[PDB]
>>> print(open('query18.cif').read())   # mmCIF, C-alpha atoms and all ligand atoms
data_coords
loop_
_atom_site.group_PDB
_atom_site.id
_atom_site.type_symbol
_atom_site.label_atom_id
_atom_site.label_comp_id
_atom_site.auth_asym_id
_atom_site.auth_seq_id
_atom_site.Cartn_x
_atom_site.Cartn_y
_atom_site.Cartn_z
ATOM 1 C CA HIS A 3 172.021 32.835 131.041
ATOM 2 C CA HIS A 4 175.626 31.966 132.004
ATOM 3 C CA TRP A 5 177.871 33.716 134.484
ATOM 4 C CA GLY A 6 179.917 36.712 133.405
ATOM 5 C CA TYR A 7 180.825 40.236 134.406
ATOM 6 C CA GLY A 8 177.674 42.141 133.386
ATOM 7 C CA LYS A 9 174.854 43.616 135.506
ATOM 8 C CA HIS A 10 172.623 40.655 135.131
ATOM 9 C CA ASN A 11 175.248 37.905 135.378
ATOM 10 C CA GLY A 12 178.187 39.411 137.294
ATOM 11 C CA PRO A 13 179.836 38.575 140.608
ATOM 12 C CA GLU A 14 176.836 39.486 142.796
ATOM 13 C CA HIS A 15 174.785 36.837 140.950
ATOM 14 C CA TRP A 16 177.285 33.977 140.982
ATOM 15 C CA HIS A 17 176.147 32.578 144.321
ATOM 16 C CA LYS A 18 172.864 31.374 142.817
ATOM 17 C CA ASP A 19 174.612 28.824 140.611
ATOM 18 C CA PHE A 20 177.748 28.502 142.763
ATOM 19 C CA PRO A 21 176.774 28.838 146.460
ATOM 20 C CA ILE A 22 180.426 28.430 147.517
ATOM 21 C CA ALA A 23 180.643 32.075 146.390
ATOM 22 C CA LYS A 24 179.644 32.872 149.984
ATOM 23 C CA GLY A 25 182.113 30.349 151.469
ATOM 24 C CA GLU A 26 184.809 30.562 154.087
ATOM 25 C CA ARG A 27 187.888 30.924 151.859
ATOM 26 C CA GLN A 28 186.888 32.949 148.806
ATOM 27 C CA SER A 29 189.194 35.036 146.634
ATOM 28 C CA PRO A 30 190.255 37.685 145.915
ATOM 29 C CA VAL A 31 190.753 39.640 149.131
ATOM 30 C CA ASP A 32 192.051 43.000 150.165
ATOM 31 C CA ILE A 33 195.607 42.698 151.479
ATOM 32 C CA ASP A 34 195.888 44.941 154.510
ATOM 33 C CA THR A 35 199.622 45.454 154.571
ATOM 34 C CA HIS A 36 199.764 46.539 158.179
ATOM 35 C CA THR A 37 197.950 43.440 159.482
ATOM 36 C CA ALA A 38 199.695 40.861 157.293
ATOM 37 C CA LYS A 39 202.177 39.044 159.484
ATOM 38 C CA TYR A 40 205.788 38.432 158.488
ATOM 39 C CA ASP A 41 206.342 34.687 158.729
ATOM 40 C CA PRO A 42 210.097 33.956 159.080
ATOM 41 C CA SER A 43 209.373 30.269 158.502
ATOM 42 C CA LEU A 44 208.190 30.839 154.888
ATOM 43 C CA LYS A 45 210.694 30.007 152.189
ATOM 44 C CA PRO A 46 211.818 31.871 149.079
ATOM 45 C CA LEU A 47 209.698 30.991 146.215
ATOM 46 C CA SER A 48 211.235 28.793 143.608
ATOM 47 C CA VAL A 49 209.921 29.720 140.179
ATOM 48 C CA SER A 50 211.497 27.341 137.625
ATOM 49 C CA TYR A 51 210.266 28.350 134.179
ATOM 50 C CA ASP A 52 213.373 27.749 131.993
ATOM 51 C CA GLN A 53 211.832 24.618 130.380
ATOM 52 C CA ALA A 54 208.313 26.051 129.955
ATOM 53 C CA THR A 55 206.511 24.977 126.790
ATOM 54 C CA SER A 56 203.733 27.303 125.812
ATOM 55 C CA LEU A 57 201.321 25.896 123.254
ATOM 56 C CA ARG A 58 198.307 28.069 122.486
ATOM 57 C CA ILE A 59 196.378 31.199 123.403
ATOM 58 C CA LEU A 60 192.591 31.015 123.761
ATOM 59 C CA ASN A 61 189.841 33.623 124.188
ATOM 60 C CA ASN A 62 187.490 31.715 126.511
ATOM 61 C CA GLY A 63 184.812 34.421 126.668
ATOM 62 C CA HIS A 64 185.913 35.741 130.080
ATOM 63 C CA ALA A 65 189.671 36.275 129.588
ATOM 64 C CA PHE A 66 192.420 34.787 127.443
ATOM 65 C CA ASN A 67 194.549 31.876 128.551
ATOM 66 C CA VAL A 68 198.124 31.167 127.505
ATOM 67 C CA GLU A 69 198.310 27.397 127.839
ATOM 68 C CA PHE A 70 201.335 25.259 128.633
ATOM 69 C CA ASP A 71 202.313 21.641 128.240
ATOM 70 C CA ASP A 72 201.774 20.318 131.756
ATOM 71 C CA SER A 73 202.281 16.623 130.937
ATOM 72 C CA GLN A 74 205.784 16.733 132.541
ATOM 73 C CA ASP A 75 207.510 18.901 135.188
ATOM 74 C CA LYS A 76 208.654 21.612 132.755
ATOM 75 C CA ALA A 77 207.596 24.873 134.458
ATOM 76 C CA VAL A 78 207.080 24.451 138.166
ATOM 77 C CA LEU A 79 206.510 26.466 141.303
ATOM 78 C CA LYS A 80 207.834 25.216 144.625
ATOM 79 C CA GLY A 81 208.905 26.593 147.974
ATOM 80 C CA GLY A 82 207.380 29.499 149.780
ATOM 81 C CA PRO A 83 204.253 28.249 151.577
ATOM 82 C CA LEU A 84 204.009 25.206 149.308
ATOM 83 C CA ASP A 85 204.635 21.537 150.049
ATOM 84 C CA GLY A 86 205.687 19.691 146.908
ATOM 85 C CA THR A 87 205.659 20.629 143.249
ATOM 86 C CA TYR A 88 203.101 22.627 141.312
ATOM 87 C CA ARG A 89 203.056 22.548 137.503
ATOM 88 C CA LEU A 90 202.187 25.594 135.386
ATOM 89 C CA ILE A 91 199.062 24.932 133.294
ATOM 90 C CA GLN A 92 198.097 28.428 132.063
ATOM 91 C CA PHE A 93 198.268 32.091 132.743
ATOM 92 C CA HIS A 94 195.659 34.787 132.194
ATOM 93 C CA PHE A 95 194.876 38.333 133.267
ATOM 94 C CA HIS A 96 192.052 40.380 134.735
ATOM 95 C CA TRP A 97 191.828 44.035 133.748
ATOM 96 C CA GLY A 98 189.689 47.131 133.831
ATOM 97 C CA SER A 99 187.968 49.569 131.495
ATOM 98 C CA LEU A 100 190.137 52.342 133.061
ATOM 99 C CA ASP A 101 193.594 52.301 134.597
ATOM 100 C CA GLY A 102 192.152 52.796 138.109
ATOM 101 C CA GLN A 103 190.602 49.366 138.308
ATOM 102 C CA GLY A 104 191.144 45.881 137.026
ATOM 103 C CA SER A 105 192.971 43.920 139.687
ATOM 104 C CA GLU A 106 191.208 41.295 141.779
ATOM 105 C CA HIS A 107 193.376 41.518 144.848
ATOM 106 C CA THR A 108 193.775 44.982 146.326
ATOM 107 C CA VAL A 109 196.550 46.357 148.529
ATOM 108 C CA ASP A 110 195.290 48.631 151.298
ATOM 109 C CA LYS A 111 192.190 49.011 149.091
ATOM 110 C CA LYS A 112 194.319 50.105 146.112
ATOM 111 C CA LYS A 113 193.292 48.654 142.769
ATOM 112 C CA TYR A 114 195.827 48.061 140.078
ATOM 113 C CA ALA A 115 195.130 48.319 136.339
ATOM 114 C CA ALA A 116 195.351 44.553 135.898
ATOM 115 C CA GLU A 117 196.462 41.343 137.544
ATOM 116 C CA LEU A 118 198.315 38.362 136.048
ATOM 117 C CA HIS A 119 197.529 34.879 137.372
ATOM 118 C CA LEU A 120 199.962 32.025 136.712
ATOM 119 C CA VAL A 121 197.978 28.895 137.571
ATOM 120 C CA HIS A 122 199.721 25.767 138.828
ATOM 121 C CA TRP A 123 198.444 22.381 140.038
ATOM 122 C CA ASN A 124 199.882 20.080 142.678
ATOM 123 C CA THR A 125 201.456 17.093 140.982
ATOM 124 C CA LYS A 127 200.522 14.771 143.826
ATOM 125 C CA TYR A 128 196.951 14.837 142.483
ATOM 126 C CA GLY A 129 197.880 13.732 138.987
ATOM 127 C CA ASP A 130 195.705 16.117 136.899
ATOM 128 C CA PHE A 131 194.179 19.552 137.189
ATOM 129 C CA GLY A 132 190.632 18.245 137.480
ATOM 130 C CA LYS A 133 191.537 16.167 140.529
ATOM 131 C CA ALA A 134 193.657 18.952 142.007
ATOM 132 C CA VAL A 135 190.784 21.458 142.094
ATOM 133 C CA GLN A 136 188.902 19.058 144.407
ATOM 134 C CA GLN A 137 191.590 19.405 147.067
ATOM 135 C CA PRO A 138 192.265 22.226 149.539
ATOM 136 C CA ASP A 139 195.932 22.322 148.487
ATOM 137 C CA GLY A 140 195.331 21.505 144.840
ATOM 138 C CA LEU A 141 196.388 24.745 143.119
ATOM 139 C CA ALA A 142 198.912 27.531 143.600
ATOM 140 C CA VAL A 143 198.373 30.800 141.811
ATOM 141 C CA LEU A 144 201.153 33.323 141.467
ATOM 142 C CA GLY A 145 199.479 36.736 141.239
ATOM 143 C CA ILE A 146 201.281 39.753 139.832
ATOM 144 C CA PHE A 147 199.905 43.287 139.719
ATOM 145 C CA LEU A 148 200.154 45.450 136.605
ATOM 146 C CA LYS A 149 200.462 49.220 136.730
ATOM 147 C CA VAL A 150 200.497 51.519 133.715
ATOM 148 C CA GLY A 151 203.774 53.225 132.946
ATOM 149 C CA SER A 152 206.684 51.892 130.921
ATOM 150 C CA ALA A 153 206.075 48.984 128.541
ATOM 151 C CA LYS A 154 206.806 45.426 129.569
ATOM 152 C CA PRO A 155 208.888 44.022 126.717
ATOM 153 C CA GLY A 156 208.119 40.441 127.639
ATOM 154 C CA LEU A 157 204.383 41.104 127.333
ATOM 155 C CA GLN A 158 204.461 42.422 123.760
ATOM 156 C CA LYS A 159 204.281 38.990 122.087
ATOM 157 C CA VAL A 160 201.029 38.423 123.965
ATOM 158 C CA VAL A 161 199.678 41.809 123.005
ATOM 159 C CA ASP A 162 200.457 41.339 119.357
ATOM 160 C CA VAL A 163 198.525 38.052 118.990
ATOM 161 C CA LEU A 164 195.318 39.399 120.556
ATOM 162 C CA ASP A 165 193.888 40.601 117.241
ATOM 163 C CA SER A 166 193.860 36.959 116.129
ATOM 164 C CA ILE A 167 191.763 35.867 119.119
ATOM 165 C CA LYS A 168 189.378 38.796 119.329
ATOM 166 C CA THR A 169 186.226 36.830 120.017
ATOM 167 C CA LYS A 170 185.107 33.997 122.280
ATOM 168 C CA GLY A 171 186.256 30.580 121.211
ATOM 169 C CA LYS A 172 189.132 31.723 118.993
ATOM 170 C CA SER A 173 192.590 30.316 119.587
ATOM 171 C CA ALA A 174 196.018 30.719 118.028
ATOM 172 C CA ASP A 175 199.276 28.857 118.156
ATOM 173 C CA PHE A 176 201.453 30.392 120.834
ATOM 174 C CA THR A 177 204.663 28.408 121.099
ATOM 175 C CA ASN A 178 208.019 29.446 122.555
ATOM 176 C CA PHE A 179 206.684 32.126 124.881
ATOM 177 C CA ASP A 180 208.831 32.578 127.965
ATOM 178 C CA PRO A 181 206.812 33.568 131.066
ATOM 179 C CA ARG A 182 210.001 34.619 132.868
ATOM 180 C CA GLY A 183 209.589 37.843 130.942
ATOM 181 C CA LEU A 184 206.439 38.693 132.952
ATOM 182 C CA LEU A 185 208.040 38.535 136.419
ATOM 183 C CA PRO A 186 209.135 41.552 138.530
ATOM 184 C CA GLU A 187 212.622 41.728 140.045
ATOM 185 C CA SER A 188 211.583 40.764 143.571
ATOM 186 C CA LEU A 189 209.766 37.608 144.614
ATOM 187 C CA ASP A 190 208.611 39.066 147.937
ATOM 188 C CA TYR A 191 205.011 37.983 148.447
ATOM 189 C CA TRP A 192 201.903 37.673 150.529
ATOM 190 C CA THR A 193 200.118 34.336 150.865
ATOM 191 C CA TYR A 194 196.772 33.061 152.083
ATOM 192 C CA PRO A 195 194.380 30.158 151.420
ATOM 193 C CA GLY A 196 191.629 30.993 148.953
ATOM 194 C CA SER A 197 189.703 30.010 145.886
ATOM 195 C CA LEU A 198 189.305 30.288 142.156
ATOM 196 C CA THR A 199 188.108 33.823 141.422
ATOM 197 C CA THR A 200 185.957 32.550 138.554
ATOM 198 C CA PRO A 201 183.127 30.012 138.705
ATOM 199 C CA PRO A 202 183.164 27.317 139.969
ATOM 200 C CA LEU A 203 184.944 29.275 142.760
ATOM 201 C CA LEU A 204 186.446 26.112 144.208
ATOM 202 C CA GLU A 205 188.333 26.509 147.479
ATOM 203 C CA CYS A 206 191.522 24.853 146.319
ATOM 204 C CA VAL A 207 194.070 27.647 145.895
ATOM 205 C CA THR A 208 197.152 28.706 147.813
ATOM 206 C CA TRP A 209 197.483 32.309 146.698
ATOM 207 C CA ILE A 210 200.962 33.823 146.348
ATOM 208 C CA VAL A 211 200.645 37.511 145.485
ATOM 209 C CA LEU A 212 203.859 39.347 144.648
ATOM 210 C CA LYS A 213 204.406 42.712 146.292
ATOM 211 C CA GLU A 214 206.218 44.279 143.344
ATOM 212 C CA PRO A 215 204.012 45.155 140.374
ATOM 213 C CA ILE A 216 205.160 45.007 136.803
ATOM 214 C CA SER A 217 204.776 48.050 134.595
ATOM 215 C CA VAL A 218 202.989 47.845 131.257
ATOM 216 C CA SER A 219 202.327 50.642 128.817
ATOM 217 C CA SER A 220 199.028 52.318 128.166
ATOM 218 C CA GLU A 221 199.180 50.955 124.632
ATOM 219 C CA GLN A 222 199.600 47.401 125.909
ATOM 220 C CA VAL A 223 196.570 47.563 128.197
ATOM 221 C CA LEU A 224 194.532 49.341 125.506
ATOM 222 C CA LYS A 225 195.027 46.244 123.347
ATOM 223 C CA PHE A 226 193.656 44.031 126.119
ATOM 224 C CA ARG A 227 190.562 46.233 126.096
ATOM 225 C CA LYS A 228 189.950 45.589 122.375
ATOM 226 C CA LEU A 229 189.193 41.943 123.026
ATOM 227 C CA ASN A 230 185.572 40.812 123.000
ATOM 228 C CA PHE A 231 183.486 38.749 125.428
ATOM 229 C CA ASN A 232 181.139 37.890 122.533
ATOM 230 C CA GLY A 233 181.620 35.383 119.777
ATOM 231 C CA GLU A 234 182.276 36.242 116.132
ATOM 232 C CA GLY A 235 179.332 37.766 114.326
ATOM 233 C CA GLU A 236 177.684 38.864 117.580
ATOM 234 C CA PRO A 237 177.269 42.467 118.785
ATOM 235 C CA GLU A 238 180.446 43.717 120.276
ATOM 236 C CA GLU A 239 180.917 43.551 124.038
ATOM 237 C CA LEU A 240 184.389 44.726 124.939
ATOM 238 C CA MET A 241 186.267 42.402 127.282
ATOM 239 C CA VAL A 242 186.884 44.822 130.130
ATOM 240 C CA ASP A 243 186.257 44.723 133.875
ATOM 241 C CA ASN A 244 186.624 40.952 134.048
ATOM 242 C CA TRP A 245 187.562 41.061 137.747
ATOM 243 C CA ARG A 246 185.828 39.814 140.846
ATOM 244 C CA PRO A 247 185.942 42.304 143.735
ATOM 245 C CA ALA A 248 187.470 41.579 147.117
ATOM 246 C CA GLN A 249 185.630 39.037 149.277
ATOM 247 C CA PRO A 250 185.432 38.786 153.082
ATOM 248 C CA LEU A 251 188.623 37.585 154.693
ATOM 249 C CA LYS A 252 186.707 35.618 157.368
ATOM 250 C CA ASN A 253 188.892 33.327 159.482
ATOM 251 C CA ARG A 254 192.123 33.824 157.547
ATOM 252 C CA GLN A 255 195.488 35.371 158.095
ATOM 253 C CA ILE A 256 197.577 36.800 155.284
ATOM 254 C CA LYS A 257 201.289 36.089 155.750
ATOM 255 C CA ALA A 258 204.184 38.109 154.354
ATOM 256 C CA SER A 259 207.481 36.640 153.174
ATOM 257 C CA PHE A 260 209.248 39.931 153.932
ATOM 258 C CA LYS A 261 209.617 42.442 156.723
HETATM 259 N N1 LIG B 1 191.436 33.530 138.458
HETATM 260 S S1 LIG B 1 192.082 32.272 139.065
HETATM 261 O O1 LIG B 1 191.536 31.972 140.371
HETATM 262 O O2 LIG B 1 193.500 32.355 138.953
HETATM 263 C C1 LIG B 1 191.665 30.889 138.039
HETATM 264 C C2 LIG B 1 190.931 31.090 136.881
HETATM 265 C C3 LIG B 1 190.636 30.051 136.018
HETATM 266 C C4 LIG B 1 189.940 30.405 134.750
HETATM 267 O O3 LIG B 1 190.558 30.132 133.694
HETATM 268 O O4 LIG B 1 188.975 31.151 134.780
HETATM 269 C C5 LIG B 1 191.134 28.782 136.272
HETATM 270 CL CL1 LIG B 1 190.785 27.468 135.340
HETATM 271 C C6 LIG B 1 191.849 28.542 137.453
HETATM 272 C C7 LIG B 1 192.129 29.601 138.299
HETATM 273 CL CL2 LIG B 1 193.044 29.254 139.722
HETATM 274 ZN ZN ZN B 2 192.508 34.804 137.466
#
>>> encode(input="query18.cif", output="structure tokens")
Amino acid sequence: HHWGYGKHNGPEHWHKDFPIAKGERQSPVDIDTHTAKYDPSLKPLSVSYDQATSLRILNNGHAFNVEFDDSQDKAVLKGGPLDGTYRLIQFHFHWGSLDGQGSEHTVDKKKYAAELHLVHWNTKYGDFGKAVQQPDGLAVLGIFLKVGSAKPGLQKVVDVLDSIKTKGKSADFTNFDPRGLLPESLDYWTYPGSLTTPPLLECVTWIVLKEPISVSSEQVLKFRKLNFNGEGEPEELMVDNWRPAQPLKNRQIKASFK
């Protein structure tokens, strides 16, 4: 009886196995745009993905991860609120059963259809597993998805999903360029938070871009054909794999922009 996104094992249950679920810096949160404070001391983000080396795509039973070679500084995030260099390890999405839900963060209570998370770890800690034990161990770049025009740079992802329909399946996924998933603007909000999936560790500097990307209805429909279940098990569509907004508590959300 493992955690998931159902009635009997979903986010309201996670605290029993992971009591940090009720902690002081949990994610996601609602971003109240009027009370976020512009911080003129924040820097432009530096997103340096030209040398990224994607390797594989995996259905892990909760989402799918596009995995990168993080054994050198190839794809790194720096600047903004961050001190030092954070290496891209994977990206994944959260999405809904319907276009009106799916994002983890919300903006003035608005839910987007989906949310992309590019996960990076602080190189000063040597490996991901050590980084997640530190309050500044990870930086996640979060990007909202709305349904409208297709995102050309997403289509290669979409088209491999039939090969990883069920939990535990992977496929080679080399030469994918994550620059094709970014919006035009790097304006962002930032706050200290957590993993949004168990173990919910409080190790993340969240950087949530203001500008959503647009994806087509057909693209998101293909996300919704994935399965939470393994092969040869009754079908459970992989939809609504998002944690809702958590209490902000003693945190301030900062804006990079006026
Ligand atoms: N949703 S999230 O907080 O970006 C997040 C998710 C996962 C996961 O694969 O479930 C991992 Cl390992 C790290 C992070 Cl930081
Ligand atoms: Zn995520």
>>> axis_aligned_box(input="query18.cif", around="ligand LIG 1 (chain B)", padding_each_side="5 Å", output="JSON")
{"center_x": 191.2, "center_y": 30.5, "center_z": 137.0, "size_x": 14.5, "size_y": 16.1, "size_z": 16.7}
>>> residues_around(input="query18.cif", residues="residue 22 (chain A)", least_positions_apart="4", cutoff="10 Å", atoms="only C-alpha atoms", output="PyMOL selection string")
chain A and resi 16-18+26-28+197+201-205
>>> closest_residue(input="query18.cif", among="A:94, A:4, A:36, A:45", to="ligand LIG 1 (chain B)", atoms="only C-alpha atoms and all ligand atoms")
A:94
>>> closest_residue(input="query18.cif", among="A:249, A:244, A:67, A:136", to="ligand LIG 1 (chain B)", atoms="all atoms listed in the file")
A:67
>>> resolve_selection(input="query18.cif", expression="the PyMOL selection byres (((chain A and resi 8) around 12) and not hetatm)", output="PDB file with C-alpha atoms, in the coordinates of the input")
ATOM      1  CA  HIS A   3     172.021  32.835 131.041  1.00  0.00           C
ATOM      2  CA  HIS A   4     175.626  31.966 132.004  1.00  0.00           C
ATOM      3  CA  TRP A   5     177.871  33.716 134.484  1.00  0.00           C
ATOM      4  CA  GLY A   6     179.917  36.712 133.405  1.00  0.00           C
ATOM      5  CA  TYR A   7     180.825  40.236 134.406  1.00  0.00           C
ATOM      6  CA  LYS A   9     174.854  43.616 135.506  1.00  0.00           C
ATOM      7  CA  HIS A  10     172.623  40.655 135.131  1.00  0.00           C
ATOM      8  CA  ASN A  11     175.248  37.905 135.378  1.00  0.00           C
ATOM      9  CA  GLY A  12     178.187  39.411 137.294  1.00  0.00           C
ATOM     10  CA  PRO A  13     179.836  38.575 140.608  1.00  0.00           C
ATOM     11  CA  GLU A  14     176.836  39.486 142.796  1.00  0.00           C
ATOM     12  CA  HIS A  15     174.785  36.837 140.950  1.00  0.00           C
ATOM     13  CA  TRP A  16     177.285  33.977 140.982  1.00  0.00           C
ATOM     14  CA  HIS A  64     185.913  35.741 130.080  1.00  0.00           C
ATOM     15  CA  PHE A 231     183.486  38.749 125.428  1.00  0.00           C
ATOM     16  CA  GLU A 239     180.917  43.551 124.038  1.00  0.00           C
ATOM     17  CA  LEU A 240     184.389  44.726 124.939  1.00  0.00           C
ATOM     18  CA  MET A 241     186.267  42.402 127.282  1.00  0.00           C
ATOM     19  CA  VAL A 242     186.884  44.822 130.130  1.00  0.00           C
ATOM     20  CA  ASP A 243     186.257  44.723 133.875  1.00  0.00           C
ATOM     21  CA  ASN A 244     186.624  40.952 134.048  1.00  0.00           C
ATOM     22  CA  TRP A 245     187.562  41.061 137.747  1.00  0.00           C
ATOM     23  CA  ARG A 246     185.828  39.814 140.846  1.00  0.00           C
TER      24      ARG A 246
END
>>> closest_residue(input="query18.cif", among="A:110, A:139, A:190, A:238", to="residue 257 (chain A)", atoms="all atoms listed in the file")
A:190
>>> atom_distance(input="query18.cif", atom1="CA of residue 149 (chain A)", atom2="CA of residue 56 (chain A)")
24.7 Å
>>> atom_distance(input="query18.cif", atom1="CA of residue 228 (chain A)", atom2="CA of residue 168 (chain A)")
7.5 Å
>>> resolve_selection(input="query18.cif", expression="the PyMOL selection byres (((not hetatm)) within 9 of (chain B and resi 1))", output="NGL selection string")
:A and (29-30 or 62 or 64-67 or 91-96 or 106 or 118-123 or 131 or 135 or 141-145 or 196-204 or 206-207 or 209 or 245-246)
>>> write_last_selection(input="query18.cif", atoms="C-alpha atoms", output="short mmCIF file (atom, residue, chain, number, x, y, z; two decimals), in the frame of the given file")
data_model
loop_
_atom_site.label_atom_id
_atom_site.label_comp_id
_atom_site.auth_asym_id
_atom_site.auth_seq_id
_atom_site.Cartn_x
_atom_site.Cartn_y
_atom_site.Cartn_z
CA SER A 29 189.19 35.04 146.63
CA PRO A 30 190.26 37.68 145.92
CA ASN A 62 187.49 31.72 126.51
CA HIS A 64 185.91 35.74 130.08
CA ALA A 65 189.67 36.28 129.59
CA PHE A 66 192.42 34.79 127.44
CA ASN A 67 194.55 31.88 128.55
CA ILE A 91 199.06 24.93 133.29
CA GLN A 92 198.10 28.43 132.06
CA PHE A 93 198.27 32.09 132.74
CA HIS A 94 195.66 34.79 132.19
CA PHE A 95 194.88 38.33 133.27
CA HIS A 96 192.05 40.38 134.74
CA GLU A 106 191.21 41.30 141.78
CA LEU A 118 198.32 38.36 136.05
CA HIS A 119 197.53 34.88 137.37
CA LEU A 120 199.96 32.02 136.71
CA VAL A 121 197.98 28.90 137.57
CA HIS A 122 199.72 25.77 138.83
CA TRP A 123 198.44 22.38 140.04
CA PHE A 131 194.18 19.55 137.19
CA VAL A 135 190.78 21.46 142.09
CA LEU A 141 196.39 24.74 143.12
CA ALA A 142 198.91 27.53 143.60
CA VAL A 143 198.37 30.80 141.81
CA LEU A 144 201.15 33.32 141.47
CA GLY A 145 199.48 36.74 141.24
CA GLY A 196 191.63 30.99 148.95
CA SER A 197 189.70 30.01 145.89
CA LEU A 198 189.30 30.29 142.16
CA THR A 199 188.11 33.82 141.42
CA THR A 200 185.96 32.55 138.55
CA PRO A 201 183.13 30.01 138.71
CA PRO A 202 183.16 27.32 139.97
CA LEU A 203 184.94 29.28 142.76
CA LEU A 204 186.45 26.11 144.21
CA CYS A 206 191.52 24.85 146.32
CA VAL A 207 194.07 27.65 145.90
CA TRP A 209 197.48 32.31 146.70
CA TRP A 245 187.56 41.06 137.75
CA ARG A 246 185.83 39.81 140.85
#
